[PDB]
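**Student:** Here it is, the structure in full.
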Amino acid sequence: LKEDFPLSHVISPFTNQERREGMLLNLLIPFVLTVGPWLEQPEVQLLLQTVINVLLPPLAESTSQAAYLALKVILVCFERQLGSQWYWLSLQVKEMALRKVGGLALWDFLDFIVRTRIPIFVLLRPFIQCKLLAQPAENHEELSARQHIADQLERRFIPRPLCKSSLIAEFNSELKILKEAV
């Protein structure tokens, strides 16, 4: 029942900041993982909007990490149908780093993007090199892996995983790790 029971109903009552960390961790990630049922465009739109809302409110480290995981999984799974609007997302990811939402998981997300270099990378490659290296980089734990990303996209051979199936293994492993983290 797509028309009568859209996904919006089950996600609406738990948007309020009461326990949305747990909701996002163990109600949405498994949903997309196990159906990644051919979802229709509008429900995908609603889902993506809801997830990205947490990242960029119209704050805690754990909830931000779970938000990043939700965005990553949604992004990698729906690569066939979401890509109709890459530009749109590619703009809402600039403010992401502009205002520095999330302490350290931001760099993890960006390095993952570089590694897999899903189509969004074709738009972020210029913005992630000239205006992100030259910009002042304060010396602390944030820069521990910075050189790693810097070198990653320079010339390294890129052994992409054959299929999403290979990546889903690491996804599930880190999902479990985050589950015990809570």
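Just remember, in the structure tokens the first chain shown is A, the second B, etc., residues are 1-based per chain, and ligands are 1-based in the order shown.
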Can you tell me, as a list in words, what residues are no more than 12 Å from residue 37 (chain A) when counting only C-alpha atoms, ignoring any on the same chain fewer than 5 positions away?

**Tutor:**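 Once the adjacent positions are removed, what remains is residues 1, 2, 31 and 32 of chain A.
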
**Student:** Okay, now the selection with N, CA, C and O atoms, as a PDB file, in the first residue's frame?

**Tutor:**
```pdb
ATOM      1  N   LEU A   1       0.860  -1.184   0.000  1.00  0.00           N
ATOM      2  CA  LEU A   1       0.000   0.000   0.000  1.00  0.00           C
ATOM      3  C   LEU A   1       0.896   1.233   0.000  1.00  0.00           C
ATOM      4  O   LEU A   1       1.183   1.814   1.049  1.00  0.00           O
ATOM      5  N   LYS A   2       1.342   1.632  -1.192  1.00  0.00           N
ATOM      6  CA  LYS A   2       2.154   2.840  -1.307  1.00  0.00           C
ATOM      7  C   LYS A   2       1.315   4.091  -1.076  1.00  0.00           C
ATOM      8  O   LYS A   2       1.750   5.019  -0.385  1.00  0.00           O
ATOM      9  N   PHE A  31      16.004  -0.237   7.406  1.00  0.00           N
ATOM     10  CA  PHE A  31      15.026  -0.119   6.331  1.00  0.00           C
ATOM     11  C   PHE A  31      15.717   0.012   4.981  1.00  0.00           C
ATOM     12  O   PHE A  31      15.491  -0.788   4.066  1.00  0.00           O
ATOM     13  N   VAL A  32      16.569   1.026   4.841  1.00  0.00           N
ATOM     14  CA  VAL A  32      17.248   1.259   3.572  1.00  0.00           C
ATOM     15  C   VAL A  32      18.197   0.111   3.248  1.00  0.00           C
ATOM     16  O   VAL A  32      18.340  -0.280   2.083  1.00  0.00           O
TER      17      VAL A  32
END
```

**Student:** May I ask which of the residues A:67, A:74, A:62, A:52 is the closest one to residue 95 (chain A), counting only C-alpha atoms?

**Tutor:**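 With only C-alpha atoms as the atom set, the closest residue is A:52.
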
**Student:** Between A:116, A:147, A:27, A:7, single out the one closest to residue 166 (chain A), counting only C-alpha atoms.

**Tutor:**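 Selected residue with least distance to residue 166 (chain A): A:116.
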
**Student:** Do a neighbour search on residue 108 (chain A) at 12 Å with only C-alpha atoms, toss out local chain neighbours closer than 3 positions, and write the hits as a list in words.

**Tutor:**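 Within the cut-off, the hits are residues 65, 68, 69, 72, 102, 103, 104, 105, 111, 112, 113, 114, 115, 142, 143, 144, 145, 146, 148 and 149 of chain A.
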
**Student:** Those selected residues, please, written with N, CA and C atoms and delivered as a PDB file, in the first residue's frame.

**Tutor:**
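Result file selection.pdb:
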```pdb
ATOM      1  N   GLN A  65      26.971  11.529  14.140  1.00  0.00           N
ATOM      2  CA  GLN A  65      27.572  10.353  13.520  1.00  0.00           C
ATOM      3  C   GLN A  65      26.506   9.443  12.923  1.00  0.00           C
ATOM      4  N   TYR A  68      25.237  10.995   9.765  1.00  0.00           N
ATOM      5  CA  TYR A  68      26.164  10.829   8.659  1.00  0.00           C
ATOM      6  C   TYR A  68      26.019   9.429   8.094  1.00  0.00           C
ATOM      7  N   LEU A  69      25.870   8.434   8.972  1.00  0.00           N
ATOM      8  CA  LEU A  69      25.709   7.072   8.477  1.00  0.00           C
ATOM      9  C   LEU A  69      24.427   6.956   7.666  1.00  0.00           C
ATOM     10  N   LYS A  72      24.966   8.493   4.305  1.00  0.00           N
ATOM     11  CA  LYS A  72      25.875   7.719   3.471  1.00  0.00           C
ATOM     12  C   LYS A  72      25.147   6.517   2.892  1.00  0.00           C
ATOM     13  N   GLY A 102      29.384  18.770  13.073  1.00  0.00           N
ATOM     14  CA  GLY A 102      30.055  17.528  13.404  1.00  0.00           C
ATOM     15  C   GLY A 102      31.545  17.715  13.591  1.00  0.00           C
ATOM     16  N   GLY A 103      32.089  17.141  14.660  1.00  0.00           N
ATOM     17  CA  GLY A 103      33.485  17.333  14.998  1.00  0.00           C
ATOM     18  C   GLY A 103      34.454  16.647  14.057  1.00  0.00           C
ATOM     19  N   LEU A 104      34.455  15.313  14.067  1.00  0.00           N
ATOM     20  CA  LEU A 104      35.399  14.527  13.287  1.00  0.00           C
ATOM     21  C   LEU A 104      34.755  13.663  12.214  1.00  0.00           C
ATOM     22  N   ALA A 105      33.480  13.297  12.361  1.00  0.00           N
ATOM     23  CA  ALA A 105      32.848  12.415  11.388  1.00  0.00           C
ATOM     24  C   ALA A 105      32.705  13.064  10.018  1.00  0.00           C
ATOM     25  N   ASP A 111      36.195  11.617   3.242  1.00  0.00           N
ATOM     26  CA  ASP A 111      37.171  10.640   2.770  1.00  0.00           C
ATOM     27  C   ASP A 111      36.483   9.428   2.158  1.00  0.00           C
ATOM     28  N   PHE A 112      35.373   8.981   2.753  1.00  0.00           N
ATOM     29  CA  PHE A 112      34.594   7.913   2.134  1.00  0.00           C
ATOM     30  C   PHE A 112      34.135   8.315   0.738  1.00  0.00           C
ATOM     31  N   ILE A 113      33.593   9.528   0.605  1.00  0.00           N
ATOM     32  CA  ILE A 113      33.190  10.019  -0.712  1.00  0.00           C
ATOM     33  C   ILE A 113      34.350   9.897  -1.692  1.00  0.00           C
ATOM     34  N   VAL A 114      35.520  10.398  -1.295  1.00  0.00           N
ATOM     35  CA  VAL A 114      36.691  10.339  -2.167  1.00  0.00           C
ATOM     36  C   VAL A 114      36.988   8.896  -2.556  1.00  0.00           C
ATOM     37  N   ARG A 115      36.992   7.996  -1.572  1.00  0.00           N
ATOM     38  CA  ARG A 115      37.328   6.599  -1.830  1.00  0.00           C
ATOM     39  C   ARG A 115      36.366   5.975  -2.837  1.00  0.00           C
ATOM     40  N   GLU A 142      41.759  17.017  14.376  1.00  0.00           N
ATOM     41  CA  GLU A 142      41.070  17.043  13.088  1.00  0.00           C
ATOM     42  C   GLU A 142      42.027  16.754  11.938  1.00  0.00           C
ATOM     43  N   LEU A 143      43.260  17.242  12.032  1.00  0.00           N
ATOM     44  CA  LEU A 143      44.240  17.124  10.960  1.00  0.00           C
ATOM     45  C   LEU A 143      45.044  15.833  11.012  1.00  0.00           C
ATOM     46  N   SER A 144      44.743  14.932  11.950  1.00  0.00           N
ATOM     47  CA  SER A 144      45.526  13.707  12.054  1.00  0.00           C
ATOM     48  C   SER A 144      45.476  12.911  10.756  1.00  0.00           C
ATOM     49  N   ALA A 145      44.289  12.779  10.165  1.00  0.00           N
ATOM     50  CA  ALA A 145      44.115  12.049   8.918  1.00  0.00           C
ATOM     51  C   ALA A 145      44.056  12.953   7.693  1.00  0.00           C
ATOM     52  N   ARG A 146      44.133  14.274   7.869  1.00  0.00           N
ATOM     53  CA  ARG A 146      43.956  15.189   6.743  1.00  0.00           C
ATOM     54  C   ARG A 146      44.890  14.833   5.592  1.00  0.00           C
ATOM     55  N   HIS A 148      46.033  12.057   4.868  1.00  0.00           N
ATOM     56  CA  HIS A 148      45.553  10.830   4.238  1.00  0.00           C
ATOM     57  C   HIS A 148      44.584  11.140   3.103  1.00  0.00           C
ATOM     58  N   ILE A 149      43.567  11.961   3.374  1.00  0.00           N
ATOM     59  CA  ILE A 149      42.635  12.364   2.323  1.00  0.00           C
ATOM     60  C   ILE A 149      43.373  13.109   1.217  1.00  0.00           C
TER      61      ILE A 149
END
```

**Student:** For residue 96 (chain A), find every residue with an atom within 8 Å (counting only C-alpha atoms), except residues of its own chain fewer than 5 positions away, and show them as a list in words.

**Tutor:**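 Skipping anything fewer than 5 positions along the chain leaves residues 55, 56 and 101 of chain A.
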
**Student:** May I have the residues within 12 Å of residue 26 (chain A) as a ChimeraX atom specification, using only C-alpha atoms and disregarding those fewer than 2 positions away in the same chain?

**Tutor:** /A:19-24,28-33,66-67,69-70,172,175-176,178-179,182

**Student:** Emit the selected residues as a CSV table (one decimal), in the first residue's frame, including N, CA, C and O atoms.

**Tutor:**
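Final output, again28.csv:
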```
chain,number,residue,atom,x,y,z
A,19,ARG,N,14.2,11.0,21.2
A,19,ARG,CA,15.1,9.9,21.1
A,19,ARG,C,15.5,9.6,19.6
A,19,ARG,O,15.8,8.5,19.2
A,20,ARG,N,15.5,10.7,18.8
A,20,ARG,CA,15.7,10.5,17.4
A,20,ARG,C,17.0,9.8,17.0
A,20,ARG,O,17.2,9.3,15.9
A,21,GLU,N,18.0,9.9,17.9
A,21,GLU,CA,19.2,9.1,17.7
A,21,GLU,C,18.9,7.6,17.5
A,21,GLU,O,19.4,7.0,16.5
A,22,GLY,N,18.2,7.1,18.5
A,22,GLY,CA,17.9,5.7,18.4
A,22,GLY,C,17.0,5.4,17.2
A,22,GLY,O,17.2,4.4,16.5
A,23,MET,N,16.0,6.2,17.0
A,23,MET,CA,15.1,6.0,15.8
A,23,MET,C,16.0,6.0,14.5
A,23,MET,O,15.8,5.0,13.7
A,24,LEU,N,16.8,6.9,14.3
A,24,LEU,CA,17.6,7.0,13.1
A,24,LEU,C,18.6,5.8,13.0
A,24,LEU,O,18.9,5.3,11.9
A,28,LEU,N,15.6,3.4,10.6
A,28,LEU,CA,15.8,3.8,9.2
A,28,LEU,C,17.0,3.1,8.5
A,28,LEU,O,16.9,2.7,7.4
A,29,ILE,N,18.1,3.0,9.2
A,29,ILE,CA,19.3,2.3,8.6
A,29,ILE,C,18.9,0.9,8.2
A,29,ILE,O,19.2,0.6,7.0
A,30,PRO,N,18.3,0.1,9.0
A,30,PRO,CA,17.9,-1.3,8.5
A,30,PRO,C,16.9,-1.2,7.4
A,30,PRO,O,17.0,-2.0,6.5
A,31,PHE,N,16.0,-0.2,7.4
A,31,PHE,CA,15.0,-0.1,6.3
A,31,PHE,C,15.7,0.0,5.0
A,31,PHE,O,15.5,-0.8,4.1
A,32,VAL,N,16.6,1.0,4.8
A,32,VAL,CA,17.2,1.3,3.6
A,32,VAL,C,18.2,0.1,3.2
A,32,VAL,O,18.3,-0.3,2.1
A,33,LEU,N,18.9,-0.5,4.3
A,33,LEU,CA,19.8,-1.5,4.0
A,33,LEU,C,19.1,-2.8,3.4
A,33,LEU,O,19.6,-3.4,2.5
A,66,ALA,N,25.4,9.2,13.6
A,66,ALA,CA,24.3,8.4,13.1
A,66,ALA,C,23.7,9.1,11.9
A,66,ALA,O,23.3,8.4,11.0
A,67,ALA,N,23.6,10.4,11.9
A,67,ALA,CA,23.0,11.1,10.8
A,67,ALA,C,23.9,10.9,9.6
A,67,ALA,O,23.4,10.8,8.4
A,69,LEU,N,25.9,8.4,9.0
A,69,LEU,CA,25.7,7.1,8.5
A,69,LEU,C,24.4,7.0,7.7
A,69,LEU,O,24.4,6.3,6.6
A,70,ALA,N,23.3,7.6,8.1
A,70,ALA,CA,22.1,7.5,7.4
A,70,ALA,C,22.2,8.1,6.0
A,70,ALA,O,21.8,7.6,5.0
A,172,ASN,N,27.5,-2.9,7.7
A,172,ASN,CA,26.9,-3.7,8.8
A,172,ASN,C,27.8,-3.8,10.0
A,172,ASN,O,27.4,-3.7,11.2
A,175,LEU,N,27.9,-0.5,11.7
A,175,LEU,CA,26.6,-0.3,12.3
A,175,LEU,C,26.5,-1.0,13.7
A,175,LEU,O,26.1,-0.5,14.7
A,176,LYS,N,27.0,-2.3,13.7
A,176,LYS,CA,27.0,-3.0,15.0
A,176,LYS,C,27.9,-2.3,16.0
A,176,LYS,O,27.6,-2.2,17.2
A,178,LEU,N,28.6,0.8,16.2
A,178,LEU,CA,27.9,2.0,16.8
A,178,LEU,C,26.8,1.6,17.7
A,178,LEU,O,26.5,2.3,18.6
A,179,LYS,N,26.1,0.4,17.4
A,179,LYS,CA,25.1,-0.1,18.3
A,179,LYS,C,25.6,-0.4,19.7
A,179,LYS,O,25.0,0.0,20.7
A,182,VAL,N,26.4,3.0,21.8
A,182,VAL,CA,25.3,3.6,22.6
A,182,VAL,C,25.2,2.8,23.9
A,182,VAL,O,24.7,3.4,24.9
```

**Student:** Of the residues A:123, A:35, A:133, A:54, which is the one nearest to residue 151 (chain A), using only C-alpha atoms?

**Tutor:** A:133

**Student:** To one decimal in Å, tell me the separation between CA of residue 163 (chain A) and CA of residue 42 (chain A).

**Tutor:**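 We find that CA of residue 163 (chain A) and CA of residue 42 (chain A) lie 26.0 Å from each other.
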
**Student:** From the list A:110, A:11, A:169, A:120, which residue is nearest residue 91 (chain A) when using only C-alpha atoms?

**Tutor:** A:120

**Student:** Kindly give the distance, in Å, that separates CA of residue 127 (chain A) and CA of residue 57 (chain A), rounded to a single decimal.

**Tutor:**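 Rounded to one decimal, the two atoms are 22.8 Å apart.
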
**Student:** Which is closer to residue 6 (chain A) than all the others in A:44, A:132, A:75, A:59, using only C-alpha atoms?

**Tutor:**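 Result for the nearest residue to residue 6 (chain A): A:44.
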
**Student:** Would you mind reading off the distance between CA of residue 50 (chain A) and CA of residue 15 (chain A), one decimal, in Å?

**Tutor:**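 Here the two named atoms are 8.0 Å from each other.
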
**Student:** Apply DSSP to the structure's backbone, then extract all residues of region 35-153 of chain A labelled alpha helix (DSSP H) and return them as a ChimeraX atom specification.

**Tutor:** /A:41-55,61-77,86-92,94-98,105-116,121-127,130-133,146-152

**Student:** Measuring atom to atom with only C-alpha atoms, identify which of A:153, A:137, A:128, A:39 is nearest to residue 81 (chain A).

**Tutor:**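 Under the stated criterion, the closest residue is A:39.
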